[PDB]
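Before any questions on how it binds or moves, here is one chain, the form deposited in one PDB entry, in structure tokens.
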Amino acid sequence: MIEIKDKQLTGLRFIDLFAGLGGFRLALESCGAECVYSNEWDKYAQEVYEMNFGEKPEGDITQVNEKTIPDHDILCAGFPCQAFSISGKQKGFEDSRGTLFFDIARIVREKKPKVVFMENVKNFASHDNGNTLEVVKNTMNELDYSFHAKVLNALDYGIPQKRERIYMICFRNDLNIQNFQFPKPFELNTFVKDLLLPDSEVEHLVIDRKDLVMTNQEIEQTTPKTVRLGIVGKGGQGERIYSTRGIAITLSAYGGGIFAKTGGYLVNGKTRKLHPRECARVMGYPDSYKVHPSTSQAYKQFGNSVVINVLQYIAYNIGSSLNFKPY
């Protein structure tokens, strides 16, 4: 994450739905906003959340009575994506874990926050010939909100990972917010190689497979793109190796393959997957964030999470729009 001088969200309360690791919490708090409610049903996720924020999030949002949720100014929600991801089945709203947006909508209908800040995978935008997105848009509008949506790639915001996510910012209509803008992209000055842990701390992650196929030579100059240096097996998900002079591929929650959830990287002559701390870093999490003790659970958590830096820029721009109240 980065340092935020002007705390644009000072005095604003927000809720952290589908909390996960609390990325939205890191982002909005860094802007001066106060978290007054969190909800996350996964046992282990609740563990890390509590480990870092000192409170356990409420469980199953589908059973939470909308009316019990504390009044708030900004509702934050990076809802489930398995039902929309390009990597899954794409069953959408007809999937058990694909109807959560309606719970969010049910909550908004009752508490009318000033802002609804949501996030989901890039494929969400084009899913089901845009109807899924349209549904969200129309739902937001009927609730009397503007709807601002855009896919932003983490690589354009200072983090070496090609995580393309759609962000939807909605402002309550009576606020007449006409100046909201998604942050402008800037040059990448950080690469995978710059976030790695010392070799001593990561030897156990080295996999020596006899089927490594060097598809491309390592590169001498750093580049803001994912450079595949080779595959293993059939080169499917979890079986591709990339240059550390480039950027990280998208971290995943239930990803498979020998380099599950992080992908392989050619490091100082060797081939290995990322360590949970490196995943923390690739997601913009500060080194002070305590990762969950179970590696498998930490890999999953980070793969489901958000890039803090991107949220901090957006969160700042939401605050800028809210503060412009001239006579």
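Start at 1 and count along the sequence shown; that's the residue number. We call the rigid core whatever largest set of C-alpha positions still superposes within 1.5 Å between the two forms.
Between 4-12 and 316-324, point out the one with the higher average CA B-factor as the PDB entry records it.
Stretch with the greater average CA B-factor: 4-12.
Comparing 261-269 with 294-302, where is the mean C-alpha B-factor higher?
That would be 261-269.
Pick out which of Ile74, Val108, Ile166, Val213 has the highest C-alpha B-factor in the PDB entry.
Among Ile74, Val108, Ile166, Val213, the PDB entry lists the largest C-alpha B-factor for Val213.
Please work out which residue in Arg240, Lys122, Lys184, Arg245 has the highest C-alpha B-factor recorded for this crystal structure.
That would be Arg245.
Place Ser96 in the lowest, middle or highest third of its chain's C-alpha B-factors, as listed in the PDB entry.
It belongs to the highest third of the chain when residues are ordered by C-alpha B-factor.
Pull the Cα B-factor of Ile104 out of the PDB entry and bin it into the chain's lowest, middle or highest third.
Lowest third, going by the recorded CA B-factors of the chain.
Based on the entry's values, in what third of the chain does the Cα temperature factor of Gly59 lie: lowest, middle or highest?
As the PDB entry reports it, the C-alpha B-factor of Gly59 lands in the middle third of its chain.
Entry-reported Cα temperature factor of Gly284, expressed as the chain third it lands in:
It belongs to the lowest third of the chain when residues are ordered by C-alpha B-factor.
Hey, what third does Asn52 fall into on Cα B-factor, ranked over its chain?
Middle third of the chain for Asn52's C-alpha B-factor.
Missing here is the form deposited in another entry; even so, the following discussion is about that form.
Fix the rigid core, compare C-alpha positions between this form and the one not shown, and report which of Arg97, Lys225, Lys150, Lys193 shifts by 2 Å or more.
Meeting the 2 Å or more criterion is only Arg97.
Any chance the CA of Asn216 moves 2 angstroms or more between this form and the one not shown, core superposed?
Comparing forms between this form and the one not shown, the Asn216 CA shifts at least 2 Å.
Distance change of 3 Å or more between the C-alpha atoms of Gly98 and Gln312 in the other form: closer or farther compared with this structure?
Residues separate in the other form, at least 3 Å farther apart.
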